[PDB]
>>> print(open('input-v6.cif').read())   # mmCIF, C-alpha atoms
data_run
loop_
_atom_site.label_atom_id
_atom_site.label_comp_id
_atom_site.auth_asym_id
_atom_site.auth_seq_id
_atom_site.Cartn_x
_atom_site.Cartn_y
_atom_site.Cartn_z
CA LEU D 1 136.04 277.43 55.96
CA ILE D 2 132.49 278.30 54.89
CA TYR D 3 132.23 277.50 51.17
CA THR D 4 129.56 279.09 48.97
CA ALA D 5 129.01 277.72 45.47
CA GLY D 6 126.81 279.03 42.71
CA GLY D 7 123.95 281.42 43.30
CA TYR D 8 121.96 283.93 41.33
CA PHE D 9 122.52 287.63 40.60
CA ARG D 10 120.52 288.43 37.41
CA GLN D 11 121.90 285.15 35.95
CA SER D 12 123.35 281.98 37.51
CA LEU D 13 126.86 282.19 38.91
CA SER D 14 129.92 279.94 38.92
CA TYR D 15 131.59 281.40 42.02
CA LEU D 16 133.15 279.13 44.60
CA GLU D 17 134.28 281.30 47.49
CA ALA D 18 135.36 280.36 50.99
CA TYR D 19 134.96 282.54 54.07
CA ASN D 20 137.23 282.43 57.11
CA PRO D 21 135.45 283.66 60.26
CA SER D 22 138.78 284.28 61.98
CA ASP D 23 140.44 285.96 58.97
CA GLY D 24 137.34 287.66 57.63
CA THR D 25 138.70 286.88 54.15
CA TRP D 26 136.88 285.44 51.16
CA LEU D 27 139.01 283.05 49.11
CA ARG D 28 138.30 282.73 45.40
CA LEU D 29 138.61 279.13 44.26
CA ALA D 30 137.93 277.12 41.12
CA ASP D 31 134.80 278.13 39.26
CA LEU D 32 132.01 275.60 38.97
CA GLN D 33 132.05 273.83 35.62
CA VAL D 34 128.52 275.11 34.94
CA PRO D 35 126.92 278.25 36.45
CA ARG D 36 124.12 277.18 38.77
CA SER D 37 121.56 278.66 41.11
CA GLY D 38 119.02 276.88 43.27
CA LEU D 39 121.59 274.21 44.09
CA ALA D 40 122.60 272.70 47.40
CA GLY D 41 126.01 271.97 48.86
CA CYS D 42 127.24 269.38 51.32
CA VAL D 43 130.39 267.62 52.50
CA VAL D 44 131.24 263.93 52.67
CA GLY D 45 134.72 262.64 53.45
CA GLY D 46 136.04 266.19 53.30
CA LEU D 47 134.81 266.64 49.72
CA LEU D 48 132.39 269.42 48.78
CA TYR D 49 129.41 268.36 46.66
CA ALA D 50 127.31 270.72 44.53
CA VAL D 51 123.91 269.21 43.79
CA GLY D 52 121.10 270.15 41.41
CA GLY D 53 120.10 273.71 40.63
CA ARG D 54 119.55 275.48 37.35
CA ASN D 55 121.57 277.31 34.70
CA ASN D 56 119.92 280.69 34.06
CA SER D 57 121.93 282.10 31.14
CA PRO D 58 121.35 284.89 28.61
CA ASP D 59 121.37 281.99 26.12
CA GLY D 60 119.26 279.35 27.90
CA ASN D 61 117.51 278.25 31.07
CA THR D 62 117.96 274.56 31.93
CA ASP D 63 117.38 272.76 35.23
CA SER D 64 120.31 270.64 36.45
CA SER D 65 120.55 267.02 37.57
CA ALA D 66 124.31 267.34 37.99
CA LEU D 67 126.38 266.27 40.97
CA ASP D 68 129.88 267.73 41.11
CA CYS D 69 132.69 267.24 43.63
CA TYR D 70 135.28 269.79 44.73
CA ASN D 71 138.56 268.81 46.39
CA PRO D 72 140.23 271.54 48.47
CA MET D 73 143.60 269.79 48.38
CA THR D 74 143.66 269.97 44.58
CA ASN D 75 141.36 273.01 44.35
CA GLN D 76 139.61 271.15 41.59
CA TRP D 77 136.11 270.15 40.46
CA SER D 78 135.30 266.70 39.14
CA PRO D 79 131.89 265.51 37.90
CA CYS D 80 129.99 262.70 39.57
CA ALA D 81 127.08 260.66 38.27
CA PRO D 82 123.92 262.79 37.93
CA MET D 83 120.57 262.33 39.60
CA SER D 84 117.66 260.65 37.84
CA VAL D 85 115.97 264.01 37.22
CA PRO D 86 116.96 267.68 37.29
CA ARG D 87 116.16 269.28 40.65
CA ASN D 88 116.06 273.07 40.84
CA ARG D 89 115.75 274.54 44.35
CA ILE D 90 116.71 271.22 45.89
CA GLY D 91 117.24 270.16 49.47
CA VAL D 92 119.94 267.70 50.49
CA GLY D 93 121.02 265.88 53.62
CA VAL D 94 123.80 263.48 54.55
CA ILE D 95 123.14 260.17 56.32
CA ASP D 96 125.93 257.60 56.86
CA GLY D 97 128.08 259.23 54.21
CA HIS D 98 125.25 259.03 51.67
CA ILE D 99 123.73 262.09 49.98
CA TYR D 100 119.94 262.41 49.94
CA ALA D 101 118.53 264.68 47.24
CA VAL D 102 115.04 265.85 48.14
CA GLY D 103 112.33 267.53 46.09
CA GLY D 104 113.13 270.36 43.74
CA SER D 105 111.52 271.30 40.46
CA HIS D 106 112.09 270.36 36.82
CA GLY D 107 110.25 272.90 34.73
CA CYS D 108 106.61 272.62 35.73
CA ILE D 109 107.23 269.32 37.58
CA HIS D 110 107.35 269.69 41.38
CA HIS D 111 109.08 266.59 42.73
CA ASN D 112 108.16 264.50 45.69
CA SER D 113 110.81 262.02 44.54
CA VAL D 114 113.89 261.51 46.71
CA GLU D 115 117.08 259.72 45.75
CA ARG D 116 120.25 258.62 47.50
CA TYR D 117 123.84 258.82 46.26
CA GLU D 118 126.64 256.49 47.35
CA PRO D 119 130.02 258.26 47.02
CA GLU D 120 131.94 254.98 46.98
CA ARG D 121 130.15 253.54 43.94
CA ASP D 122 129.19 256.80 42.18
CA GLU D 123 125.56 255.63 41.98
CA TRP D 124 122.13 257.08 42.65
CA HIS D 125 119.07 255.08 43.65
CA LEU D 126 115.53 256.30 44.14
CA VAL D 127 114.10 255.97 47.64
CA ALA D 128 110.52 256.42 48.83
CA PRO D 129 108.95 259.71 47.69
CA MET D 130 107.85 262.37 50.14
CA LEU D 131 104.22 262.70 51.11
CA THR D 132 104.37 266.20 49.62
CA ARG D 133 105.74 267.79 46.49
CA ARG D 134 108.32 270.28 47.76
CA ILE D 135 110.51 272.75 45.94
CA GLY D 136 112.44 275.33 47.91
CA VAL D 137 112.49 272.68 50.65
CA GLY D 138 114.81 272.86 53.65
CA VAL D 139 116.49 269.58 54.58
CA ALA D 140 118.22 268.61 57.82
CA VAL D 141 119.56 265.45 59.44
CA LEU D 142 119.02 264.70 63.11
CA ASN D 143 119.88 261.41 64.81
CA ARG D 144 120.36 259.92 61.32
CA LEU D 145 116.82 260.80 60.29
CA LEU D 146 116.07 263.03 57.30
CA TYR D 147 113.76 266.05 57.69
CA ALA D 148 112.09 267.89 54.82
CA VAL D 149 110.71 271.23 55.99
CA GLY D 150 108.57 273.83 54.24
CA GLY D 151 108.70 274.41 50.51
CA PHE D 152 106.25 274.96 47.63
CA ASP D 153 104.09 272.26 46.06
CA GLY D 154 103.24 274.24 42.94
CA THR D 155 100.05 275.80 44.31
CA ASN D 156 100.56 276.40 48.03
CA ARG D 157 103.56 277.22 50.18
CA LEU D 158 104.02 274.94 53.15
CA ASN D 159 104.64 275.01 56.88
CA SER D 160 104.45 271.22 57.02
CA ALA D 161 107.44 268.97 57.71
CA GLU D 162 108.03 265.24 57.34
CA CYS D 163 110.70 262.79 58.45
CA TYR D 164 112.33 259.98 56.45
CA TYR D 165 113.48 256.80 58.18
CA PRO D 166 116.34 255.40 56.05
CA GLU D 167 116.05 251.75 57.07
CA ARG D 168 112.26 251.59 56.93
CA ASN D 169 112.27 253.59 53.66
CA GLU D 170 109.22 255.69 54.47
CA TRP D 171 108.19 259.21 55.40
CA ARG D 172 106.06 260.32 58.35
CA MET D 173 104.47 263.71 58.86
CA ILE D 174 105.68 265.54 61.97
CA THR D 175 104.50 268.70 63.72
CA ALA D 176 104.20 271.62 61.33
CA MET D 177 106.13 274.85 61.71
CA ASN D 178 104.54 277.99 63.12
CA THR D 179 105.25 279.78 59.83
CA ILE D 180 104.81 278.86 56.17
CA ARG D 181 108.31 278.93 54.63
CA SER D 182 109.59 278.18 51.15
CA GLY D 183 113.25 278.82 50.39
CA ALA D 184 114.21 279.02 54.06
CA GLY D 185 117.54 278.02 55.49
CA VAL D 186 117.17 274.77 57.40
CA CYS D 187 120.08 273.34 59.38
CA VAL D 188 120.83 271.40 62.57
CA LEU D 189 122.56 273.15 65.47
CA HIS D 190 123.41 271.07 68.54
CA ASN D 191 120.24 268.96 68.86
CA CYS D 192 117.59 271.14 67.26
CA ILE D 193 116.44 271.69 63.69
CA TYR D 194 116.56 275.34 62.65
CA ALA D 195 114.39 277.03 60.02
CA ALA D 196 115.30 280.63 59.27
CA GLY D 197 113.71 283.09 56.89
CA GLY D 198 112.02 282.00 53.69
CA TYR D 199 109.01 283.29 51.75
CA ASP D 200 105.34 282.68 52.57
CA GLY D 201 103.77 283.94 49.34
CA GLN D 202 103.44 287.51 50.64
CA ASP D 203 106.57 288.50 52.54
CA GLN D 204 110.17 287.46 52.86
CA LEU D 205 110.78 286.46 56.47
CA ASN D 206 113.33 287.21 59.17
CA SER D 207 111.76 284.94 61.78
CA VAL D 208 113.64 281.84 62.93
CA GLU D 209 112.18 278.79 64.66
CA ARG D 210 113.72 275.58 65.93
CA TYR D 211 112.26 272.11 66.32
CA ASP D 212 112.95 269.94 69.36
CA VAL D 213 112.36 266.24 68.69
CA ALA D 214 111.96 265.50 72.41
CA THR D 215 108.96 267.85 72.61
CA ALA D 216 108.02 267.51 68.92
CA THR D 217 107.68 271.27 69.08
CA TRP D 218 108.65 274.32 67.03
CA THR D 219 109.65 277.39 69.04
CA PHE D 220 110.62 280.83 67.76
CA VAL D 221 114.04 282.22 68.54
CA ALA D 222 115.64 285.58 67.79
CA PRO D 223 114.85 286.74 64.23
CA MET D 224 117.59 287.74 61.85
CA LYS D 225 118.34 291.36 61.06
CA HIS D 226 117.39 291.00 57.38
CA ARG D 227 114.38 289.27 55.90
CA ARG D 228 115.63 286.95 53.19
CA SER D 229 114.45 284.08 51.01
CA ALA D 230 116.61 281.65 49.04
CA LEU D 231 119.40 282.12 51.57
CA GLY D 232 122.34 279.82 52.15
CA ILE D 233 122.83 278.34 55.61
CA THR D 234 125.44 276.30 57.45
CA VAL D 235 126.89 275.63 60.90
CA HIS D 236 130.49 276.57 61.74
CA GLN D 237 131.99 276.02 65.22
CA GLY D 238 128.64 275.84 66.98
CA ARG D 239 127.14 278.93 65.33
CA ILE D 240 124.66 279.38 62.48
CA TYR D 241 125.67 281.31 59.35
CA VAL D 242 123.21 282.60 56.75
CA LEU D 243 124.48 283.97 53.45
CA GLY D 244 122.77 286.23 50.94
CA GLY D 245 119.25 285.72 49.73
CA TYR D 246 116.55 287.92 48.28
CA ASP D 247 114.42 290.39 50.25
CA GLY D 248 111.94 291.35 47.53
CA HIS D 249 114.16 294.17 46.24
CA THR D 250 117.82 293.21 46.47
CA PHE D 251 119.97 290.12 46.22
CA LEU D 252 121.77 290.37 49.57
CA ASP D 253 125.48 290.04 50.27
CA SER D 254 124.88 290.29 54.05
CA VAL D 255 126.10 287.33 56.11
CA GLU D 256 124.51 286.91 59.54
CA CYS D 257 125.69 284.75 62.43
CA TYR D 258 123.52 283.27 65.20
CA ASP D 259 125.02 282.50 68.61
CA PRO D 260 122.68 280.11 70.45
CA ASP D 261 124.16 280.85 73.89
CA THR D 262 123.18 284.53 73.53
CA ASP D 263 120.19 283.93 71.21
CA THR D 264 121.42 286.84 69.10
CA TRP D 265 122.14 287.49 65.42
CA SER D 266 125.04 289.57 64.16
CA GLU D 267 126.29 290.66 60.73
CA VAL D 268 129.82 289.31 60.34
CA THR D 269 130.73 290.02 56.69
CA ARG D 270 129.53 290.78 53.19
CA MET D 271 130.02 288.41 50.31
CA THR D 272 131.93 289.78 47.35
CA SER D 273 128.60 290.25 45.53
CA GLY D 274 124.97 289.81 46.49
CA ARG D 275 123.33 286.57 45.43
CA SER D 276 120.56 284.11 46.27
CA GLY D 277 120.16 280.39 45.78
CA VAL D 278 123.68 279.38 46.84
CA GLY D 279 124.92 276.03 48.05
CA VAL D 280 126.80 276.32 51.34
CA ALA D 281 128.88 273.88 53.37
CA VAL D 282 131.90 273.65 55.67
CA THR D 283 135.11 271.70 55.10
CA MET D 284 138.86 272.10 55.46
CA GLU D 285 140.97 274.90 53.99
CA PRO D 286 142.48 274.55 50.51
CA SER D 287 146.20 273.82 50.13
CA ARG D 288 149.29 275.02 48.21
#
>>> encode(input="input-v6.cif", output="C-alpha cells")
Amino acid sequence: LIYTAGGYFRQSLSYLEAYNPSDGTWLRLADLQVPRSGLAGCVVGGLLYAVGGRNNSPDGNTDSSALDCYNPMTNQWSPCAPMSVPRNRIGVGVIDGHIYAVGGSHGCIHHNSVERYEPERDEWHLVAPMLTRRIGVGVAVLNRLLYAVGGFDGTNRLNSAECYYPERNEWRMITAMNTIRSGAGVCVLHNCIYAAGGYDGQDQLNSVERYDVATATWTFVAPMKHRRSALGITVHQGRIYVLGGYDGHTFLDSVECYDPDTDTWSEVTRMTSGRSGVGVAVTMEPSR
C-alpha cells in the first residue's frame, strides 16, 4: 500500500492514510502523534518512518527534529531518537538500511548538514554536509549512492544536484537539472532518478525529467497533468505515484500515476482531502 503521512491544509495534519491501487480504497490508520507538514517518509525493515517536518498549529509553529516509526502489524506509532536539529521540508534516502536526513530548514537556518540514523541502535550521527544549503530538496538513492536534487538555499532556488558517497563520506556535484526545482518529487524508478514538478520562484511546474547515471544526463519525459509543488512521490509496482501538492491556488488531492513503458501520466484517485508537504512510502498492508 501507498502510505501518506502528515501534510498541510491550512494547518499541519496528523493523517496516516494508505491507498490500494487495486482496491482504489484509502485506509485510515493511526494518527501521527504530532501533526506535521514538510516531513518525509520512508521504509526500513517493513517499518514506516516519518522524519522531520513542522507543526503549524493555531497555537504555535515549531519545526520538528522528530523521527517516528509506524508498524502496520500493530497499526501503531512509536517514537525514535530525534535528529540533531529540526528539519522542515527535509529530504531522506535509505542506504543499507540506514536513513539519511538531508537539508531542511530550522527557522531562518537553511541546512547543508546531513545525518544518518541506524535503526538497530536508535542513533543518529552527523555525516559530511552538502556543498549547498538545500530546503525543499529531493533525495534519491541509486546504486547505494545518495542524490540531493534541487531545493532552496535561502536566496536562490536550485537546479543543481550533488551525490554523496557513503564510504568516502563526501559530496560531489553532478550535472544540473534542466529546470530549477524546489519542493519537487524526486524518486528512483528502474535505473533513473526522477524529478517531477516543484517550484522555480515564479511558477509551479508540471514538467518531469529523469537523470541517467550512465550518460550523466537529465532528459525530459511526459509532464504531469497538474502543476504542483510540495508533492508527495513514491514508486509502487514499477510505476510512479505523485500525491497532492500546491498549485499556487489549491492544495491538491489529485493523485497521478506515471507508466514508464507508455511515458504517460494518469489520474488514478483523489486523496480524502487536499494537502501538500506529505511524507509518502510503500510497505505491506496493515493486519487484524
>>> residues_near_point(input="input-v6.cif", point="(113.5, 252.2, 54.0)", cutoff="6 Å", atoms="only C-alpha atoms", output="mmCIF file with C-alpha atoms, in the frame of the given file")
data_model
loop_
_atom_site.group_PDB
_atom_site.id
_atom_site.type_symbol
_atom_site.label_atom_id
_atom_site.label_comp_id
_atom_site.auth_asym_id
_atom_site.auth_seq_id
_atom_site.Cartn_x
_atom_site.Cartn_y
_atom_site.Cartn_z
ATOM 1 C CA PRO D 166 116.340 255.400 56.050
ATOM 2 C CA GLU D 167 116.050 251.750 57.070
ATOM 3 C CA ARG D 168 112.260 251.590 56.930
ATOM 4 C CA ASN D 169 112.270 253.590 53.660
ATOM 5 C CA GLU D 170 109.220 255.690 54.470
#
>>> atom_distance(input="input-v6.cif", atom1="atom CA of residue 65 of chain D", atom2="atom CA of residue 90 of chain D")
10.1 Å
>>> closest_residue(input="input-v6.cif", among="D:122, D:23, D:261, D:212", to="residue 143 of chain D", atoms="only C-alpha atoms")
D:212
>>> axis_aligned_box(input="input-v6.cif", around="segment 281-288 of chain D", padding_each_side="8 Å", output="lines of an AutoDock Vina configuration file")
center_x = 139.1
center_y = 273.4
center_z = 51.9
size_x = 36.4
size_y = 19.3
size_z = 23.5
>>> closest_residue(input="input-v6.cif", among="D:42, D:151, D:142, D:273", to="residue 191 of chain D", atoms="all atoms listed in the file")
D:142
>>> closest_residue(input="input-v6.cif", among="D:287, D:271, D:230, D:258", to="residue 15 of chain D", atoms="only C-alpha atoms")
D:271
>>> atom_distance(input="input-v6.cif", atom1="atom CA of residue 286 of chain D", atom2="atom CA of residue 35 of chain D")
21.3 Å
>>> resolve_selection(input="input-v6.cif", expression="the PyMOL selection byres ((chain D and resi 43) around 10)", output="count of residues only")
19
>>> closest_residue(input="input-v6.cif", among="D:73, D:257, D:66, D:149", to="residue 103 of chain D", atoms="all atoms listed in the file")
D:149
>>> closest_residue(input="input-v6.cif", among="D:40, D:161, D:274, D:175", to="residue 215 of chain D", atoms="all atoms listed in the file")
D:175
>>> resolve_selection(input="input-v6.cif", expression="the PyMOL selection byres ((chain D and resi 177) around 9)", output="PyMOL selection string")
chain D and resi 149-150+158-161+175-176+178-181+195+209-211+217-219
>>> residues_around(input="input-v6.cif", residues="residue 14 of chain D", least_positions_apart="4", cutoff="7 Å", atoms="all atoms listed in the file", output="list in words")
residues 5, 6, 31, 32, 34, 35 and 36 of chain D
>>> resolve_selection(input="input-v6.cif", expression="the PyMOL selection byres ((chain D and resi 92) around 12)", output="ChimeraX atom specification")
/D:38-43,49-53,67,87-91,93-95,98-104,114-117,135-141,146-149,185-187,279-281
>>> write_last_selection(input="input-v6.cif", atoms="C-alpha atoms", output="tab-separated table (two decimals), keeping the file's coordinate frame")
chain	number	residue	atom	x	y	z
D	38	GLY	CA	119.02	276.88	43.27
D	39	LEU	CA	121.59	274.21	44.09
D	40	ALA	CA	122.60	272.70	47.40
D	41	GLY	CA	126.01	271.97	48.86
D	42	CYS	CA	127.24	269.38	51.32
D	43	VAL	CA	130.39	267.62	52.50
D	49	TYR	CA	129.41	268.36	46.66
D	50	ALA	CA	127.31	270.72	44.53
D	51	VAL	CA	123.91	269.21	43.79
D	52	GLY	CA	121.10	270.15	41.41
D	53	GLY	CA	120.10	273.71	40.63
D	67	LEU	CA	126.38	266.27	40.97
D	87	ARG	CA	116.16	269.28	40.65
D	88	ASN	CA	116.06	273.07	40.84
D	89	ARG	CA	115.75	274.54	44.35
D	90	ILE	CA	116.71	271.22	45.89
D	91	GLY	CA	117.24	270.16	49.47
D	93	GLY	CA	121.02	265.88	53.62
D	94	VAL	CA	123.80	263.48	54.55
D	95	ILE	CA	123.14	260.17	56.32
D	98	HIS	CA	125.25	259.03	51.67
D	99	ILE	CA	123.73	262.09	49.98
D	100	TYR	CA	119.94	262.41	49.94
D	101	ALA	CA	118.53	264.68	47.24
D	102	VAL	CA	115.04	265.85	48.14
D	103	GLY	CA	112.33	267.53	46.09
D	104	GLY	CA	113.13	270.36	43.74
D	114	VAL	CA	113.89	261.51	46.71
D	115	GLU	CA	117.08	259.72	45.75
D	116	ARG	CA	120.25	258.62	47.50
D	117	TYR	CA	123.84	258.82	46.26
D	135	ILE	CA	110.51	272.75	45.94
D	136	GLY	CA	112.44	275.33	47.91
D	137	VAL	CA	112.49	272.68	50.65
D	138	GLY	CA	114.81	272.86	53.65
D	139	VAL	CA	116.49	269.58	54.58
D	140	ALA	CA	118.22	268.61	57.82
D	141	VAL	CA	119.56	265.45	59.44
D	146	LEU	CA	116.07	263.03	57.30
D	147	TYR	CA	113.76	266.05	57.69
D	148	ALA	CA	112.09	267.89	54.82
D	149	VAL	CA	110.71	271.23	55.99
D	185	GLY	CA	117.54	278.02	55.49
D	186	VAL	CA	117.17	274.77	57.40
D	187	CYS	CA	120.08	273.34	59.38
D	279	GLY	CA	124.92	276.03	48.05
D	280	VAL	CA	126.80	276.32	51.34
D	281	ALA	CA	128.88	273.88	53.37
>>> atom_distance(input="input-v6.cif", atom1="atom CA of residue 238 of chain D", atom2="atom CA of residue 174 of chain D")
25.7 Å
>>> residues_around(input="input-v6.cif", residues="residue 197 of chain D", least_positions_apart="3", cutoff="12 Å", atoms="all atoms listed in the file", output="number ranges by chain")
D: 136, 138, 150-151, 179-187, 194, 200, 203-210, 220-233, 242-247, 256
>>> closest_residue(input="input-v6.cif", among="D:55, D:109, D:1, D:254", to="residue 267 of chain D", atoms="all atoms listed in the file")
D:254
>>> residues_around(input="input-v6.cif", residues="residue 56 of chain D", least_positions_apart="6", cutoff="9 Å", atoms="all atoms listed in the file", output="list in words")
residues 8, 10, 11, 12, 13, 35, 36, 37, 62 and 63 of chain D
>>> decode(input="input-v6.cif", residues="segment 230-256 of chain D", atoms="N, CA and C atoms", output="PDB file, in the first residue's frame")
ATOM      1  N   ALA D 230       5.580  20.860  -3.596  1.00  0.00           N
ATOM      2  CA  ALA D 230       5.425  20.221  -2.289  1.00  0.00           C
ATOM      3  C   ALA D 230       4.532  18.990  -2.402  1.00  0.00           C
ATOM      4  N   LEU D 231       4.760  18.203  -3.445  1.00  0.00           N
ATOM      5  CA  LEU D 231       4.023  16.977  -3.700  1.00  0.00           C
ATOM      6  C   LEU D 231       4.716  15.802  -3.022  1.00  0.00           C
ATOM      7  N   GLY D 232       3.935  14.780  -2.699  1.00  0.00           N
ATOM      8  CA  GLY D 232       4.499  13.506  -2.297  1.00  0.00           C
ATOM      9  C   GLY D 232       4.756  12.627  -3.507  1.00  0.00           C
ATOM     10  N   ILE D 233       5.757  11.754  -3.403  1.00  0.00           N
ATOM     11  CA  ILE D 233       6.089  10.868  -4.510  1.00  0.00           C
ATOM     12  C   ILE D 233       6.551   9.522  -3.970  1.00  0.00           C
ATOM     13  N   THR D 234       6.218   8.461  -4.700  1.00  0.00           N
ATOM     14  CA  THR D 234       6.755   7.137  -4.399  1.00  0.00           C
ATOM     15  C   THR D 234       6.625   6.239  -5.624  1.00  0.00           C
ATOM     16  N   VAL D 235       7.199   5.044  -5.525  1.00  0.00           N
ATOM     17  CA  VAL D 235       7.157   4.062  -6.601  1.00  0.00           C
ATOM     18  C   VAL D 235       6.436   2.825  -6.090  1.00  0.00           C
ATOM     19  N   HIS D 236       5.391   2.412  -6.805  1.00  0.00           N
ATOM     20  CA  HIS D 236       4.642   1.201  -6.479  1.00  0.00           C
ATOM     21  C   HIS D 236       4.540   0.353  -7.737  1.00  0.00           C
ATOM     22  N   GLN D 237       4.996  -0.898  -7.642  1.00  0.00           N
ATOM     23  CA  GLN D 237       4.933  -1.878  -8.730  1.00  0.00           C
ATOM     24  C   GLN D 237       5.382  -1.282 -10.067  1.00  0.00           C
ATOM     25  N   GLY D 238       6.575  -0.696 -10.067  1.00  0.00           N
ATOM     26  CA  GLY D 238       7.150  -0.186 -11.297  1.00  0.00           C
ATOM     27  C   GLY D 238       6.493   1.045 -11.886  1.00  0.00           C
ATOM     28  N   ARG D 239       5.655   1.749 -11.127  1.00  0.00           N
ATOM     29  CA  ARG D 239       5.066   2.990 -11.606  1.00  0.00           C
ATOM     30  C   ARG D 239       5.226   4.092 -10.565  1.00  0.00           C
ATOM     31  N   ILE D 240       5.283   5.333 -11.051  1.00  0.00           N
ATOM     32  CA  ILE D 240       5.481   6.492 -10.184  1.00  0.00           C
ATOM     33  C   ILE D 240       4.130   7.041  -9.755  1.00  0.00           C
ATOM     34  N   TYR D 241       4.007   7.387  -8.477  1.00  0.00           N
ATOM     35  CA  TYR D 241       2.798   7.975  -7.921  1.00  0.00           C
ATOM     36  C   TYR D 241       3.150   9.315  -7.295  1.00  0.00           C
ATOM     37  N   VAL D 242       2.408  10.355  -7.666  1.00  0.00           N
ATOM     38  CA  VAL D 242       2.546  11.659  -7.034  1.00  0.00           C
ATOM     39  C   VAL D 242       1.213  12.033  -6.409  1.00  0.00           C
ATOM     40  N   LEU D 243       1.296  12.599  -5.207  1.00  0.00           N
ATOM     41  CA  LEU D 243       0.157  12.810  -4.325  1.00  0.00           C
ATOM     42  C   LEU D 243       0.110  14.270  -3.904  1.00  0.00           C
ATOM     43  N   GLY D 244      -1.024  14.916  -4.151  1.00  0.00           N
ATOM     44  CA  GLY D 244      -1.282  16.240  -3.642  1.00  0.00           C
ATOM     45  C   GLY D 244      -0.278  17.272  -4.117  1.00  0.00           C
ATOM     46  N   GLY D 245      -0.058  18.257  -3.265  1.00  0.00           N
ATOM     47  CA  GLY D 245       0.775  19.393  -3.589  1.00  0.00           C
ATOM     48  C   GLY D 245      -0.043  20.669  -3.652  1.00  0.00           C
ATOM     49  N   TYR D 246       0.641  21.721  -4.069  1.00  0.00           N
ATOM     50  CA  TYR D 246       0.089  23.061  -4.129  1.00  0.00           C
ATOM     51  C   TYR D 246       0.373  23.611  -5.514  1.00  0.00           C
ATOM     52  N   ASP D 247      -0.628  24.239  -6.130  1.00  0.00           N
ATOM     53  CA  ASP D 247      -0.501  24.732  -7.498  1.00  0.00           C
ATOM     54  C   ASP D 247      -0.624  26.252  -7.558  1.00  0.00           C
ATOM     55  N   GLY D 248      -0.374  26.931  -6.444  1.00  0.00           N
ATOM     56  CA  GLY D 248      -0.493  28.367  -6.384  1.00  0.00           C
ATOM     57  C   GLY D 248      -1.860  28.856  -5.963  1.00  0.00           C
ATOM     58  N   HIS D 249      -2.865  27.986  -5.996  1.00  0.00           N
ATOM     59  CA  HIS D 249      -4.229  28.355  -5.647  1.00  0.00           C
ATOM     60  C   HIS D 249      -4.826  27.353  -4.673  1.00  0.00           C
ATOM     61  N   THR D 250      -4.629  26.066  -4.950  1.00  0.00           N
ATOM     62  CA  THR D 250      -5.301  24.997  -4.231  1.00  0.00           C
ATOM     63  C   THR D 250      -4.282  24.001  -3.701  1.00  0.00           C
ATOM     64  N   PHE D 251      -4.583  23.431  -2.542  1.00  0.00           N
ATOM     65  CA  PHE D 251      -3.894  22.240  -2.077  1.00  0.00           C
ATOM     66  C   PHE D 251      -4.589  21.049  -2.722  1.00  0.00           C
ATOM     67  N   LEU D 252      -3.874  20.349  -3.597  1.00  0.00           N
ATOM     68  CA  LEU D 252      -4.456  19.305  -4.435  1.00  0.00           C
ATOM     69  C   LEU D 252      -4.713  18.018  -3.657  1.00  0.00           C
ATOM     70  N   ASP D 253      -5.798  17.329  -4.021  1.00  0.00           N
ATOM     71  CA  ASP D 253      -5.993  15.929  -3.653  1.00  0.00           C
ATOM     72  C   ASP D 253      -5.744  14.960  -4.805  1.00  0.00           C
ATOM     73  N   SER D 254      -5.549  15.471  -6.019  1.00  0.00           N
ATOM     74  CA  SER D 254      -5.226  14.654  -7.184  1.00  0.00           C
ATOM     75  C   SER D 254      -4.035  13.740  -6.915  1.00  0.00           C
ATOM     76  N   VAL D 255      -4.138  12.490  -7.371  1.00  0.00           N
ATOM     77  CA  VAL D 255      -3.026  11.546  -7.364  1.00  0.00           C
ATOM     78  C   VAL D 255      -2.794  11.086  -8.796  1.00  0.00           C
ATOM     79  N   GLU D 256      -1.598  11.343  -9.317  1.00  0.00           N
ATOM     80  CA  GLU D 256      -1.242  10.960 -10.675  1.00  0.00           C
ATOM     81  C   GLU D 256      -0.294   9.766 -10.669  1.00  0.00           C
TER      82      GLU D 256
END
